[PDB]
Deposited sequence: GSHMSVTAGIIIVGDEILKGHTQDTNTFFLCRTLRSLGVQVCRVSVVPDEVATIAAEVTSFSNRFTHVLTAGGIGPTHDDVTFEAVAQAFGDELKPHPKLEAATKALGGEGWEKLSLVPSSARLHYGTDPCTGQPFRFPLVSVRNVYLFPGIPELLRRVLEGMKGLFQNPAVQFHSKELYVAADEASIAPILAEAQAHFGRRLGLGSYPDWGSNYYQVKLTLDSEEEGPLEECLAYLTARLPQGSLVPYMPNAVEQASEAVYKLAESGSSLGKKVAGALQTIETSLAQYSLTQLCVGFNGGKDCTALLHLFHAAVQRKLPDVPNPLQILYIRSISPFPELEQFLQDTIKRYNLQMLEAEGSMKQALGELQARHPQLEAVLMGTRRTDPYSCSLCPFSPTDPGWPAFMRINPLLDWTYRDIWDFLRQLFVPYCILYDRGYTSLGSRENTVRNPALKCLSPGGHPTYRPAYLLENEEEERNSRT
């Protein structure tokens, strides 16, 4: 049981000028090394305050790690505070003097003025593989790191040996629960009691996903207790509470979709057909010549995901940035605003927004890009004009002439939903609230008393 406390010295973080990113790194790294972090404290550049906090933490924890305040200016007073807390006196340390002298050493006198009882630790910068400029100063069980975030990460990585607890290795499991915290709290209490000291079970909500509301976290020093509690909980919790959620969209999406295609299942065959059409799309036109019609709904969501999967594997070496065509005609829904920005961010899309009917946007697009010659469409066999549609249907004479590709032409509503949910693809949350179609504000209603249970 090796514990540690952290003291971050910085006026700026308290003021709000800059955000604190050192604390997350320090905590994560120390967790990996086998050290239990018990407290964190942000304090201003004041000698008395820093000295009090150092004294308390030193008495209470095995290791103490301070970040910031060892500069050459007047506001840098960590060394002085550490001197005070331990009744030491500040003295120029010859080796730090030599370090400053090897370089320019103008006005660096304060950088070598450290507590008399200090000890130096030399290490290797992981980025350069060469030794650091200055060694790490320690006093009793207090290690004085710099505040510069890049340098802090480098120095901690270089000197992490100093903190490794060999006796302890931490093992952790994550679980996604679709129920709110209130419903499962009793089961968690019972499980924690039954297991007691062996493992720590915690819970916290994370709000922005279609597949879980709460995240359970299991922690232990050994691997076994984690699975034992997994079994206990899978039993106690109602069946299906847990979700095997994976971040797929960005990278695994390519191979995950292809795997679903090669599987011998109905949905697998539908995916295989859509992907064959999309591959032909890539073979007739350059991607600079293709664009995906995206209104925000599911059909367009699935189309975009399939196009991404196909593009990646077909064209890994080329940058292949995705282009989409977005039409607004009615005052956007709030959920739609959020989803559209999120989607373009995830996929790194190119939005050429015309506002009106699709044909109008198509004219605008012909104007903006002379190379574009074809549009991918999420039209389907359930959508009217269904008998006339072909996988490749050319644009009407009046409209601006583009050749439309309909990979999802034979896909059915049930298939769209199976495909989206099985791979955990994100979609507009309104669908989860009982709306079967995303339309204008006057157009939208809920037919059920989720959307993915409606049969037709």
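Exercise. When the deposited sequence is counted from residue 1, which ranges lack any model?
Worked result: According to the deposited record, C-alpha coordinates are absent for 1 to 4, 454 to 466, 474 to 482, which together make up the missing parts.
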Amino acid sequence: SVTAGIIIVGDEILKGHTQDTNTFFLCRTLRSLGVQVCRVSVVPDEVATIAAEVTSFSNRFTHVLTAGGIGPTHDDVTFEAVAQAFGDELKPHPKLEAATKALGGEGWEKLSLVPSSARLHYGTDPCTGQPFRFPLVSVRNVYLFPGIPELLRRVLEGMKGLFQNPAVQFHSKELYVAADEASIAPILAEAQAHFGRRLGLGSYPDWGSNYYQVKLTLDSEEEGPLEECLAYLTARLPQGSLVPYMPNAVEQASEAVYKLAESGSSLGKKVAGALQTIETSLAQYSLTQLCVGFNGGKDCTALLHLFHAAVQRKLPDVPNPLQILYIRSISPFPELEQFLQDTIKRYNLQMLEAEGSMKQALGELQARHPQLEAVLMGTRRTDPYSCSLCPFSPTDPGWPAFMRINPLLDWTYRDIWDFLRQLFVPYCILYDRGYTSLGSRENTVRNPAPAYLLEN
From here on, numbers count along this sequence of modelled residues.
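For this session: Report the stretch with the higher mean CA temperature factor, choosing between 329 to 337 and 250 to 258 on the basis of the entry.
Result: Comparing 329 to 337 with 250 to 258, the higher average CA B-factor belongs to 329 to 337.
Exercise. Going by the B-factors listed in the PDB entry, is the mean over the C-alpha atoms higher for 221 to 229 or for 156 to 164?
Worked result: The recorded data point to 221 to 229.
Exercise. From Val43, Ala401, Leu33, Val425, pick the one with the largest CA B-factor in the entry?
Worked result: Among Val43, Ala401, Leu33, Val425, the PDB entry lists the largest C-alpha B-factor for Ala401.
For this session: Could you tell me which one of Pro92, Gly378, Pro370, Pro149 shows the highest CA temperature factor in the PDB record?
Result: The C-alpha B-factor peaks, among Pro92, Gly378, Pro370, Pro149, at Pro370.
Exercise. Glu190: which third of its chain by C-alpha temperature factor?
Worked result: CA B-factor rank for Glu190: middle third.
For this session: Name the third of the chain's ranked CA B-factors that contains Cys387, choosing lowest, middle or highest.
Result: Tercile = highest for this residue's CA B-factor.
Problem set entry | Third assignment of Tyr245 from its chain's C-alpha B-factors | Ranked within chain, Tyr245 CA B lands in the middle tercile.
For this session: Would you check the entry's CA temperature factor for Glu353 and let me know if it's in the chain's lowest, middle or highest third?
Result: It belongs to the highest third of the chain when residues are ordered by C-alpha B-factor.
Exercise. According to the PDB entry, is the CA B factor of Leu420 in the bottom, middle or top third of its chain, that is, lowest, middle or highest?
Worked result: It belongs to the middle third of the chain when residues are ordered by C-alpha B-factor.
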